[PDB]
Amino acid sequence: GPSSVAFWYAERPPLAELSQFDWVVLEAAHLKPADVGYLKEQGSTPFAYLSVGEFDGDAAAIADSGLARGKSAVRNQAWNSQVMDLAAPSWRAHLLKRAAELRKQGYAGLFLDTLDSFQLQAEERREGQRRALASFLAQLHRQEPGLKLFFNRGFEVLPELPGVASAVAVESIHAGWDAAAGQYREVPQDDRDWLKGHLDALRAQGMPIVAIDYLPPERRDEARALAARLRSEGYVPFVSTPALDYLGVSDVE
């Protein structure tokens, strides 16, 4: 897996600086193929963001895209993000086409997000979504064996996908972002208690685990210490801001 990792989702990625991280996850809309090639020339492994469980867009955006039939009307839906039906052929086809385009652009892998958004569906629908997610990920991996798949969590599907994921990320281990309360908050103990069983399992199988923790820029000294703490606990960390628009820290200075 990675020795160091950065995530940058904003415009104008600082490519020279990002190139010194082993793995770099980017929003591909803000890069051109020459930029992706430059990162590889420098020795970095570039990954493109891909949201598997949700479509990011206004209602105008998802209608324009031809994906409307695939939208699930979940009760707790986050604004500007639509939970999609992982069994919908138009959604699955859309994602596979996107993967092919990102492959052609030179990405070495995909960072697969919203792998647990199906838990927002009605309880009795979740197992069917989980199975559709697992079959989608297997088909993605079969179609695109040249893309390393860097999962964001995925605990409900990982046991059925041996050999598919190259690493698993987790937001967050110690320092997190409470999107509701809009605050940097310590990850609550009960959140760490729930993660422990899943992370212990991945550790037992040698899976590289990336910790995505959140501290604001003014706390860069604390972010350095936290990166060291996370490495001593076996994680490959990136400590940054929730917008991922910041040259956060993965190792000590």
# chains A, B, ... in the order shown; residues from 1 in each chain; ligands from 1
call {"tool": "residues_around", "arguments": {"residues": "residue 137 (chain A)", "least_positions_apart": "3", "cutoff": "10 Å", "atoms": "only C-alpha atoms", "output": "list in words"}}
result
residues 52, 92, 96, 112, 115, 131, 132, 133, 134, 140, 141, 142, 143, 149, 157, 158, 161, 164 and 165 of chain A
call {"tool": "select_by_dssp", "arguments": {"residues": "region 70-120 of chain A", "states": "strand (DSSP E)", "output": "ChimeraX atom specification"}}
result
/A:81-83,109-113
call {"tool": "write_last_selection", "arguments": {"atoms": "N, CA and C atoms", "output": "PDB file, in the first residue's frame"}}
result
ATOM      1  N   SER A  81     -26.776  15.884  -2.968  1.00  0.00           N
ATOM      2  CA  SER A  81     -26.247  14.538  -3.131  1.00  0.00           C
ATOM      3  C   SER A  81     -27.414  13.570  -3.104  1.00  0.00           C
ATOM      4  N   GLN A  82     -27.555  12.806  -4.171  1.00  0.00           N
ATOM      5  CA  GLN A  82     -28.664  11.885  -4.333  1.00  0.00           C
ATOM      6  C   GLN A  82     -28.164  10.461  -4.158  1.00  0.00           C
ATOM      7  N   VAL A  83     -28.794   9.721  -3.234  1.00  0.00           N
ATOM      8  CA  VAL A  83     -28.497   8.301  -3.100  1.00  0.00           C
ATOM      9  C   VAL A  83     -29.023   7.589  -4.329  1.00  0.00           C
ATOM     10  N   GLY A 109      -5.613   4.461 -10.331  1.00  0.00           N
ATOM     11  CA  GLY A 109      -6.621   3.857  -9.489  1.00  0.00           C
ATOM     12  C   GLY A 109      -7.771   4.812  -9.272  1.00  0.00           C
ATOM     13  N   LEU A 110      -8.756   4.298  -8.516  1.00  0.00           N
ATOM     14  CA  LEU A 110      -9.950   5.030  -8.152  1.00  0.00           C
ATOM     15  C   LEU A 110     -10.105   5.016  -6.642  1.00  0.00           C
ATOM     16  N   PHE A 111     -10.507   6.157  -6.092  1.00  0.00           N
ATOM     17  CA  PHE A 111     -10.914   6.244  -4.698  1.00  0.00           C
ATOM     18  C   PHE A 111     -12.427   6.138  -4.681  1.00  0.00           C
ATOM     19  N   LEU A 112     -12.922   5.048  -4.147  1.00  0.00           N
ATOM     20  CA  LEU A 112     -14.350   4.720  -4.204  1.00  0.00           C
ATOM     21  C   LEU A 112     -15.060   5.189  -2.941  1.00  0.00           C
ATOM     22  N   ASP A 113     -15.884   6.221  -3.091  1.00  0.00           N
ATOM     23  CA  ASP A 113     -16.593   6.827  -1.984  1.00  0.00           C
ATOM     24  C   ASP A 113     -18.041   6.339  -1.947  1.00  0.00           C
TER      25      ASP A 113
END
call {"tool": "closest_residue", "arguments": {"among": "A:8, A:162, A:106, A:49", "to": "residue 35 (chain A)", "atoms": "only C-alpha atoms"}}
result
A:106
call {"tool": "select_by_dssp", "arguments": {"residues": "region 18-217 of chain A", "states": "alpha helix (DSSP H)", "output": "VMD selection string"}}
result
chain A and resid 18 33 to 41 59 to 64 89 to 104 126 to 143 189 to 204
call {"tool": "residues_around", "arguments": {"residues": "residue 65 (chain A)", "least_positions_apart": "5", "cutoff": "12 Å", "atoms": "only C-alpha atoms", "output": "PyMOL selection string"}}
result
chain A and resi 55-60+70-71+90-91+94
call {"tool": "residues_around", "arguments": {"residues": "residue 69 (chain A)", "least_positions_apart": "2", "cutoff": "10 Å", "atoms": "only C-alpha atoms", "output": "list in words"}}
result
residues 62, 63, 66, 67, 71, 72, 84, 85, 88, 89, 90 and 91 of chain A
call {"tool": "residues_around", "arguments": {"residues": "residue 21 (chain A)", "least_positions_apart": "3", "cutoff": "9 Å", "atoms": "only C-alpha atoms", "output": "ChimeraX atom specification"}}
result
/A:2-6,17-18,24,43-45,250
call {"tool": "write_last_selection", "arguments": {"atoms": "C-alpha atoms", "output": "short mmCIF file (atom, residue, chain, number, x, y, z; two decimals), in the first residue's frame"}}
result
data_model
loop_
_atom_site.label_atom_id
_atom_site.label_comp_id
_atom_site.auth_asym_id
_atom_site.auth_seq_id
_atom_site.Cartn_x
_atom_site.Cartn_y
_atom_site.Cartn_z
CA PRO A 2 0.95 3.67 0.37
CA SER A 3 3.85 5.05 2.37
CA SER A 4 2.10 8.44 2.48
CA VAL A 5 -1.17 9.78 1.10
CA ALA A 6 -2.78 13.09 0.20
CA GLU A 17 3.86 19.57 -3.72
CA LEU A 18 1.33 16.75 -4.14
CA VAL A 24 -2.57 11.15 -4.26
CA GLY A 43 6.94 8.82 -8.63
CA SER A 44 3.42 9.37 -7.28
CA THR A 45 0.41 7.11 -7.79
CA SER A 250 0.95 12.62 6.27
#
call {"tool": "residues_around", "arguments": {"residues": "residue 40 (chain A)", "least_positions_apart": "5", "cutoff": "10 Å", "atoms": "only C-alpha atoms", "output": "PyMOL selection string"}}
result
chain A and resi 19+22-23+34-35+45-46+106-108
call {"tool": "atom_distance", "arguments": {"atom1": "CA of residue 210 (chain A)", "atom2": "CA of residue 80 (chain A)"}}
result
26.8 Å
call {"tool": "atom_distance", "arguments": {"atom1": "CA of residue 168 (chain A)", "atom2": "CA of residue 38 (chain A)"}}
result
25.3 Å
call {"tool": "residues_around", "arguments": {"residues": "residue 144 (chain A)", "least_positions_apart": "6", "cutoff": "9 Å", "atoms": "only C-alpha atoms", "output": "mmCIF file with N, CA, C and O atoms, in the first residue's frame"}}
result
data_model
loop_
_atom_site.group_PDB
_atom_site.id
_atom_site.type_symbol
_atom_site.label_atom_id
_atom_site.label_comp_id
_atom_site.auth_asym_id
_atom_site.auth_seq_id
_atom_site.Cartn_x
_atom_site.Cartn_y
_atom_site.Cartn_z
ATOM 1 N N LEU A 96 -19.290 2.600 -14.708
ATOM 2 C CA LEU A 96 -18.300 1.838 -15.474
ATOM 3 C C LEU A 96 -17.734 2.665 -16.615
ATOM 4 O O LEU A 96 -16.540 2.558 -16.924
ATOM 5 N N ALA A 99 -15.262 5.030 -15.083
ATOM 6 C CA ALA A 99 -14.020 4.344 -14.779
ATOM 7 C C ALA A 99 -13.171 4.207 -16.030
ATOM 8 O O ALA A 99 -11.957 4.390 -15.974
ATOM 9 N N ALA A 100 -13.789 3.857 -17.163
ATOM 10 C CA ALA A 100 -13.018 3.715 -18.392
ATOM 11 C C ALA A 100 -12.388 5.038 -18.800
ATOM 12 O O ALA A 100 -11.242 5.076 -19.269
ATOM 13 N N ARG A 103 -9.438 5.706 -16.555
ATOM 14 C CA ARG A 103 -8.330 4.854 -17.004
ATOM 15 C C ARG A 103 -7.611 5.476 -18.198
ATOM 16 O O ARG A 103 -6.377 5.532 -18.228
#
call {"tool": "closest_residue", "arguments": {"among": "A:215, A:245, A:192, A:16", "to": "residue 176 (chain A)", "atoms": "only C-alpha atoms"}}
result
A:215
